[PDB]
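The block underneath contains the structure these notes are about, expressed in structure tokens.
Cβ placement follows ideal geometry from the backbone for every residue including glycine, while neighbour counts extend to all protein chains displayed. Values in this text are rule-based calculations from the coordinates and carry no lab data.
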Amino acid sequence: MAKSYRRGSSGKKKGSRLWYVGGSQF
Amino acid sequence: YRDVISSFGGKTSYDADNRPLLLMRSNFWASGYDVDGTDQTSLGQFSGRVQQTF
Amino acid sequence: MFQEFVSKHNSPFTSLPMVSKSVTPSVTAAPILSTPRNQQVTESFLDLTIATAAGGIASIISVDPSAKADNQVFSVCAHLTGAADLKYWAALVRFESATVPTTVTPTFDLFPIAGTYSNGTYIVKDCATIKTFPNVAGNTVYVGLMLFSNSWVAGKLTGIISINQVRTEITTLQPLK
Amino acid sequence: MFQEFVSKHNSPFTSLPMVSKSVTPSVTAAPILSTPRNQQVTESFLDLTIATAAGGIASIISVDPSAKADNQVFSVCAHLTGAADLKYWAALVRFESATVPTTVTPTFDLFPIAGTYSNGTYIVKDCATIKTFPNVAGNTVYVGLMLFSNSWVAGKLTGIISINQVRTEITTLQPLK
Amino acid sequence: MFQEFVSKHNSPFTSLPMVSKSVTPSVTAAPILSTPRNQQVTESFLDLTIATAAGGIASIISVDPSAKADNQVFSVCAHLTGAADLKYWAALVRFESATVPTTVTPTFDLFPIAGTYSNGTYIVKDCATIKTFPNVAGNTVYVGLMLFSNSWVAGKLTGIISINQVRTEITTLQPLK
Amino acid sequence: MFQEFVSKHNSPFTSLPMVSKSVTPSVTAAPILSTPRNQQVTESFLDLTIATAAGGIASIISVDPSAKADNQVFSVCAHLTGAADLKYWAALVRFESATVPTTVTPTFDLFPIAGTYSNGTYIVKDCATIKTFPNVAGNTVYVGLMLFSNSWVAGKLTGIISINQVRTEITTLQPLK
Amino acid sequence: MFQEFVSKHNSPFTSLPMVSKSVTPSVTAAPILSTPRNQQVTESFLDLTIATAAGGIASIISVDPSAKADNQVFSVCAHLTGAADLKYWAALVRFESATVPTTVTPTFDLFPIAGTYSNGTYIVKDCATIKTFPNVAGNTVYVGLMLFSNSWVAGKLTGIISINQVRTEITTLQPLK
DNA sequence: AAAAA
DNA sequence: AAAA
């Protein structure tokens with residue numbers, strides 16, 4: 001009954017990477 | 001260790017560093033619907049239940 | 001557990017100050033403890049002095065004539081007590097008059113009310129349905145609680161009495177709504 | 001909070017005037033306080049004088065034969081009290097006769113009723129289901145409240161008793177409807 | 001207002017005649033006031049004479065074995081009273097035997113029941129769920145109300161007791177249906 | 001049978017230790033037994049000594065100002081008892097002050113509460129709706145249970161009192177959910 | 001009418017045999033009448049002898065740790081009575097210990113319970129919600145009914161007490177299903 | 001592969 | 001060469 005404003009917390013990522021924790025993290 | 005080798009342009013098998021082999025990953029979101037109360041006290045409140053097939 | 005959001009006799013949000021007075025029970029001229037006011041009321045007494053006589057006393061409200069509907073619900077809650085046993089019982093009363101009354105008319109209608117009475121303490125939280133249209137045009141209907149006894153015992157009484165007329169309903173906070 | 005719009009023993013809109021009389025309890029000829037009338041009734045007493053005897057007394061109504069249905073609900077509300085302890089108990093009664101009765105027939109059926117009894121004050125607001133079709137053709141069924149004691153104590157009693165037969169239902173004002 | 005069409009302990013449509021008898025309370029041989037009969041029963045007493053002893057007395061019904069279902073509901077309503085204080089309490093009882101019993105077996109199960117007890121008057125309208133399948137094959141289960149006291153006081157008792165087994169349900173007239 | 005998952009006065013999960021103190025009832029300066037704390041509280045007493053005077057005593061909580069809503073439900077459960085009869089009655093109280101109070105203000109509002117009172121034992125499990133917005137800006141509203149008597153009897157009292165404010169609800173295990 | 005298939009304190013299907021014992025009330029070492037057992041229990045007493053002292057006695061069960069859920073409902077039903085007045089009151093108790101206890105720990109939590117108390121007879125059918133997770137790891141939580149008095153009177157008591165923990169629900173026969 | 005399909 |  002409500003797709004966009006109930007699924008996810010932000011928009012789609014089309015740009016540079018933001019987070020670097022030292023490797024893969026899942 | 002496998003990240004250091006990857007920066008040089010090489011690669012390591014999963015037997016080199018003794019790591020498990022990933023076969024498949026699945027990602028989905030779970031949704032549902034709402035149920036309405038119909039008695040004197042709960043007329044106007046709702047309860048949500050989540051049921052998603054995958 | 002869940003809350004019970006359902007009750008009888010929703011009470012007024014403000015109460016009258018505690019007072020003291022002396023009355024004499026009467027059969028045809030039962031006195032009224034306070035001046036009747038519109039719809040709900042709640043009052044408490046520090047010392048209510050009753051003389052030895054036969055009859056009753058009443059606490060009365062004035063019925064609201066707006067929202068034309070013959071059948072309406074009236075509720076009551078009272079914890080009257082004392083130091084001795086005065087040998088009394090209680091019931092609801094309905095009567096009407098053309099002016100503001102200080103007593104009860106000789107003719108009236110009684111409605112059964114179920115409470116508790118151990119020795120001289122009376123507690124009740126009951127309600128009933130009473131007609132509100134006047135029988136004779138130009139009159140105002142009055143409803144209240146009457147304490148009746150065939151032979152009163154001289155003594156003093158204290159407690160609290162509250163009357164409500166269900167013409168509207170009160171909303172409350174329900175955290176799950 | 002919300003109002004409870006649900007109750008037992010909806011009461012008649014008019015009540016009989018308060019009276020006084022003297023009765024003698026009987027086992028096979030239990031007296032009736034007033035002339036039975038159709039369906040509901042409510043009455044109050046200023047002084048009911050009971051002599052020392054064994055048996056019971058009853059307040060009786062006449063069952064409405066219209067709206068053919070064998071099983072119907074009967075309700076009661078009464079706050080009987082006095083100055084002394086008379087050592088009595090109460091229950092519902094069913095009996096039938098071919099004419100208007102002044103007493104109760106020797107054979108009758110009793111239905112348990114749960115109330116309150118501290119010393120000599122009895123209060124109850126219970127109800128029960130009773131068959132209405134007569135056992136013998138040409139008779140009229142009677143239902144009421146009976147006060148029974150194996151050994152009555154001489155004294156005087158006062159209170160109010162109300163009986164109702166649920167053949168129809170009463171509507172009231174619900175502000176949210 | 002609306003009628004409450006919901007109640008505990010629907011009562012039998014016919015009652016046994018009032019009787020009088022004398023019993024002696026026992027701990028291992030508690031007597032039975034009447035011959036047990038199938039499913040519901042209701043009885044009243046004019047004078048029940050109890051001697052000074054220790055133990056209990058019971059009014060018993062026989063469980064209906066048809067409609068195979070282990071868990072069933074049993075209800076009770078009783079207004080026992082008297083002239084003096086006999087210092088007793090009550091609870092439900094379950095026991096079984098291979099023949100029609102005149103007393104209660106030494107081994108039995110008790111179920112708590114919540115009523116009212118002012119001085120010597122007991123009133124209750126409670127109900128409970130009890131297993132109905134016999135523990136030993138070839139026996140019949142019995143359920144009833146037992147009055148127990150560690151030291152009875154010599155005296156006489158009067159009242160009415162009713163027991164019901166909920167194997168079926170009773171329909172009543174609902175005017176709005 | 002099914003469980004009733006619905007009740008009045010859900011109780012706090014922790015209780016204060018039992019204490020003993022002596023108080024003097026007052027009409028305009030009614031003392032407070034303990035320091036008021038936010039929302040719910042429950043306390044028990046081993047010996048509460050009351051001197052001969054006129055007035056009342058109260059157990060008070062402080063209303064939570066968050067979750068802005070004028071009308072909210074307050075509940076109470078208390079089993080106060082003693083060795084003698086102190087001739088008192090109880091009701092809910094509402095008052096406000098600009099600082100943490102040790103007594104009750106001369107002006108307050110009373111709300112009827114229906115319980116049980118046999119000789120000197122008081123038991124109640126009632127609830128009511130009370131406004132929470134202060135009448136004068138900069139004050140804090142206080143709600144509690146007050147025991148009032150026109151003439152106290154010197155003696156000692158013991159029991160337990162619990163107060164709750166319904167700002168949120170408590171969940172419990174329902175096996176069928 | 002219809003059956004009420006909804007009740008508080010569903011009772012165990014088997015009860016312990018009636019016993020007799022003597023206890024001494026204590027404030028910090030309140031004795032336990034029987035060895036605690038898992039979840040529900042019901043017991044009856046023929047003569048419980050209480051000496052003159054100050055403190056309380058308790059009947060305790062052991063909380064079932066399976067079906068991990070912090071909040072659960074506990075119910076109680078008890079009809080304790082006697083020949084004299086012992087001047088006591090009752091409430092629920094929660095405490096925990098690392099071993100099987102014979103007494104109650106000095107520190108415990110009390111939960112208000114609303115019943116009836118005329119002279120020395122106590123009847124109650126209430127229930128409450130209590131947390132079940134232990135505060136200190138490696139302990140077992142215990143819940144029961146405690147009778148407390150600031151000054152006990154020497155005497156003997158008799159009655160029946162039943163405790164239940166709502167971890168599962170019981171089904172019953174509904175003829176209309 | 002958190003970010004409507 | 002980086003959005004590694």
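Brief remarks follow.
- Candidate set from region F:154-177 (those that are within 30 Å of residue G:169 (Cα to Cα) and of a type in the set (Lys, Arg)); member that is surrounded by the most Cβ atoms within 10 Å (Cβ to Cβ): F:167
- Residue D:86 being at negative phi, in contact with a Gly (Cβ under 8 Å, 6 or more places away or on another chain) and in contact (Cβ under 8 Å) with a residue 60 or more places away in the chain: yes
- Close pairs from region B:21-33: first within 13 Å of residue A:2 (Cβ to Cβ), partner near DNA strand H (Cβ under 9 Å from one of its atoms), Cβ under 9 Å, at least 6 apart: B:29/A:6; B:29/A:7; B:29/A:8; B:31/A:3; B:31/A:6; B:31/A:7
- With respect to the conditions (1) among the polar types (S, T, N, Q); (2) surrounded by 10 or more Cβ atoms within 10 Å (Cβ to Cβ); (3) within 15 Å of DNA strand H (Cβ to nearest atom); (4) away from every other protein chain (no Cβ under 11 Å), residue B:31 falls short on a single one, namely (4).
- Residue within region C:70-77 that is under 30 Å from residue F:134 (Cα atoms), small (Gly, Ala, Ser) and within 11 Å of another protein chain (Cβ to nearest Cβ) present: yes
- Scope region B:6-28; condition more than 16 Å from DNA strand H (Cβ to nearest atom), among the hydroxyl-bearing types (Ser, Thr, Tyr) and not in a loop (DSSP other than H, G, I, E, B); matching residues: B:7
- Residues that are away from DNA strand I (no atom under 11 Å from the Cβ), among the aromatic types (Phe, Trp, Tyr) and away from chain A (no Cβ under 13 Å) within region B:1-19 comprise just one, B:14.
- Residue count, region G:160-170 (criterion: touching a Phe, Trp or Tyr at 6+ places or on another chain (Cβ under 9 Å) and either more than 21 Å from residue G:26 (Cβ to Cβ) or free of Cβ contacts under 8 Å to residues at least 60 places away in the same chain (or both)): 7
- Condition met for residue F:53 (farther than 28 Å from residue C:40 by Cα and out of contact with any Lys or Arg (no Cβ under 8 Å at 6 or more places or on another chain)): yes
- Pairs where the first residue, in region E:1-20, is of a type in the set (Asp, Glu) and the second is crowded, with 17+ Cβ neighbours inside 10 Å and not in a loop (DSSP other than H, G, I, E, B), C-beta under 9 Å, 6+ apart: E:4/D:7; E:4/D:127
- Index of the failed condition, residue G:151 passing every other in (1) crowded, with 21+ Cβ neighbours inside 10 Å; (2) more than 14 Å from chain E (Cβ to nearest Cβ); (3) not β-branched (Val, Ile, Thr): (1)
- Number of the condition not met by residue C:114 [criteria: (1) in a strand (DSSP E or B); (2) in contact with a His (Cβ under 9 Å, 6 or more places away or on another chain)]: (1)
- Scanning region G:117-139 for residues that are in a loop (DSSP other than H, G, I, E, B), touching a strand residue (DSSP E or B) at 6+ places or on another chain (Cβ under 6 Å) and of a type in the set (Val, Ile, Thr) yields G:121, G:132.
- Residue ranges of strands (runs of 3 or more DSSP E) in region G:1-70 with at least 3 members buried (at least 17 other Cβ atoms within 10 Å of the Cβ) and within 14 Å of the chain's Cα centre (by Cα): G:41-50, G:55-62
- As for region E:82-90, it holds no residue that is part of a strand (DSSP E or B), more than 14 Å from the chain's Cα centre (by Cα) and within 14 Å of chain G (Cβ to nearest Cβ).
- Answer from G:105, G:129, G:121 - the residue that is β-branched (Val, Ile, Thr), more than 12 Å from chain E (Cβ to nearest Cβ) and buried (at least 16 other Cβ atoms within 10 Å of the Cβ): G:129
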